[PDB]
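# Remarks on the overall topology
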Amino acid sequence: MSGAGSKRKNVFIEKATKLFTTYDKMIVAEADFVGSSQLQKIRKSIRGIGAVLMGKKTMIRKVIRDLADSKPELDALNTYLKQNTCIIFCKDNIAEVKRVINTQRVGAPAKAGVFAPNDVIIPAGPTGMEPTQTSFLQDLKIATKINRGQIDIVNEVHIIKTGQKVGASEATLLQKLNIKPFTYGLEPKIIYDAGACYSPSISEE
Amino acid sequence: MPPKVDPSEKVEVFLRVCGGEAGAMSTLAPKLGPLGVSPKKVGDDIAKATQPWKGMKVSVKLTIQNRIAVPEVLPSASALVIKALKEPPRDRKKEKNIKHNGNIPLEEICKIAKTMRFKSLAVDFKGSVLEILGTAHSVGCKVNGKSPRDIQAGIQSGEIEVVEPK
Amino acid sequence: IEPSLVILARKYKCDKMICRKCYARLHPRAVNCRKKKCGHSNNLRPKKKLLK
Amino acid sequence: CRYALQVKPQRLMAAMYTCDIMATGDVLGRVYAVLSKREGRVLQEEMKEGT
RNA sequence: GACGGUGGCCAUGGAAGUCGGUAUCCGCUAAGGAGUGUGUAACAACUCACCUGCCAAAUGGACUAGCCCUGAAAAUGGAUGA
């Protein structure tokens with residue numbers, strides 16, 4: 001084929017001329033690796049402050065929308081764009097913009113080849129019984145899955161916790177588990193006012 | 001709607017439509033055979049309770065379990081709320097019969113039900129509902145300015161109001 | 001275990017497509033006979049499973 | 001009488017019975033597939049909690 | 001990444017895009033057909049259209065027409081004359 005993704009462009013020309021950069025605060029956010037199903041529910045105060053906007057073909061064309069403002073073109077001698085990264089325009093204060101996305105956040109399920117931190121409890125419900133499942137749970141510390149009047153092969157409380165994070169060893173034991181609600185929020189690429197740039201943050205500073 | 005009573009003794013949520021008044025169907029294991037853990041419906045006339053004058057036909061139901069209890073809950077669906085206001089002839093004895101009939105105003109009743117469908121999409125519950133409902137059905141036109149699933153009306157190509165509440 | 005193996009077996013058995021001329025099996029995403037007896041038909045049908 | 005009723009449209013009253021089959025849900029889908037080929041129609045597919 | 005309304009209305013009283021009939025719309029988005037198959041009781045799950053991350057300069061296609069090949073099988077041992 002021959003095009004852009006796999007078809008020629010007629011709406012990505014409009015992403016540069018989508019708005020004027022009237023808003024004084026922007027931030028590069030990594031909300032693409034988290035899924036679109038959960039991404040639309042957390043964003044209610046996230047849109048109305050400037051919205052989640054702009055394409056990633058036009059992220060290089062973004063430079064003509066910084067010359068209008070007092071902002072320099074690059075953020076801190078680098079645009080910081082080597083990832084699925086989108087711009088979120090904000091009207092919230094200099095301290096509030098540091099935690100604008102993390103105020104309402106949620107993660108996606110853990111994939112093959114990565115563990116990810118699991119802070120929230122795992123779901124429950126009737127899923128039969130399996131004796132071979134107990135042999136795989138011997139690697140883990142808790143070897144008990146049947147709880148209460150119901151019967152099932154996974155617990156109602158998270159056994160996978162922070163501290164057990166690794167590259168690729170205990171990640172195979174999560175494929176034995178039948179459900180993956182791995183919460184680690186969303187990820188700031190950088191924080192930025194209108195001239196000065198900062199590192200990713202969760203606090204007011 | 002959200003659940004009326006929260007599932008206790010581990011969460012239990014099951015999904016079969018249970019359409020119409022008639023029938024003694026209940027959901028405990030739609031992916032497996034009949035039994036889940038134990039026999040517990042509860043009640044055969046739950047369908048009737050859920051769908052008295054909301055439909056005889058493709059009428060959705062969020063079946064749950066509170067360890068041997070069901071409090072009757074429906075999703076406030078895009079089909080169920082519009083068909084509630086419709087006349088009893090098209091809500092009764094249409095179980096083995098097609099229905100593509102209903103062009104009366106349903107403007108007021110869907111506004112309150114818009115929060116129950118979704119609670120966070122960054123849109124107006126009385127403004128964006130005139131686009132999302134009304135011009136997305138063949139059994140519900142609302143005002144006759146709109147067109148049933150077309151590109152003639154509902155997106156302001158004939159309408160003048162579209163994001164504003166009527 | 002078994003089912004995974006079965007899939008693998010299929011991949012080296014069923015998946016390959018054939019030419020309506022030889023009935024000679026090329027591969028599961030093919031566009032041609034790549035044989036000179038056929039005359040290079042490029043008019044392939046997939047191999048029919050035990051389901052069908 | 002025969003003549004009178006011949007010229008009129010004579011709709012087929014087929015002799016049918018409902019099949020109270022009792023199986024598992026896993027293979028009933030498959031069982032039903034073949035039933036469809038014998039000019040059959042489902043009136044109600046449901047689950048018996050108790051048996 | 002591949003969504004919300006949504007399990008679209010129907011048939012169903014299971015067919016929840018995908019045994020299947022007809023309409024096939026709107027939101028929101030970087031993008032996402034009321035859905036391309038695989039799969040499943042139908043779903044779920046997976047993939048496709050659709051988009052984007054990286055790599056980094058060419059790519060795609062429908063035809064025409066030279067030579068070649070396929071089409072192009074038969075009777076002593078054999079013929080660009082060798």
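What the deposited record gives as its method is cryo-EM, and the resolution it gives is 4.10 Å.

What follows concerns the protein's contact with RNA strand E. Taken together, 79 residues form the shell around RNA strand E, and within it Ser36, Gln40, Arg47 and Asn84 of chain A together with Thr135 of chain B come nearest. Considering the 4 Å shell around the protein, atoms of RNA strand E inside it are sugar or phosphate in 66% of instances. Here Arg16 of chain B contributes a side-chain N or O atom positioned 3.2 Å from a sugar or linking oxygen of RNA strand E. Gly25 of chain D places a polar main-chain atom, nitrogen or oxygen, 3.5 Å from a base nitrogen of RNA strand E.

Below, the discussion takes up the arrangement of the chains. Ranking the two pairs of chains in contact by contact count places chains A and B at the top. Looking at chain B next to chain C, you find no contact at all, with the nearest C-alpha pair sitting 21 Å apart. The two units chain C and chain D remain apart, with a minimum C-alpha distance of 13 Å.

Another point: the interface of chain B and chain D. Note: interface size is frequently given as the accessible area lost on complex formation between the parts. On the side of chain D, 10 residues touch chain B, which itself brings 16 residues to the contact. Taking both partners together, chain B and chain D bury about 1000 Å²; carbon and sulfur atoms supply 53% of that area. In terms of surface lost to chain D, no three residues of chain B exceed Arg16, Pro34 and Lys41 of chain B, which account for 41% of the buried area on that side. Between chain B and chain D we count zero salt bridges in total. Between the two partners, chain B and chain D, sit zero residue pairs in polar contact. The residue inventory of the side of chain B that touches chain D, partitioned by class, reads eight nonpolar, four polar and four charged.

Conventions used here
Residues numbered from 1 in each chain as written, not as in the entry; some residues may be left out. Chains lettered and ligands numbered in written order. Part of a larger assembly, values for the part shown. Heavy atoms only, no water. Near = heavy atom within 4 Å. Polar contact = N/O pair within 3.5 Å; in protein donor to acceptor, adjacent residues only side chain to side chain. Contact = heavy atoms within 4.5 Å. Buried area = accessible area lost by both parts, 1.4 Å probe. Salt bridge = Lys/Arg side-chain N within 4 Å of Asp/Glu carboxyl O. Nonpolar A, V, L, I, M, F, W, Y, C, P; charged D, E, K, R; others polar.

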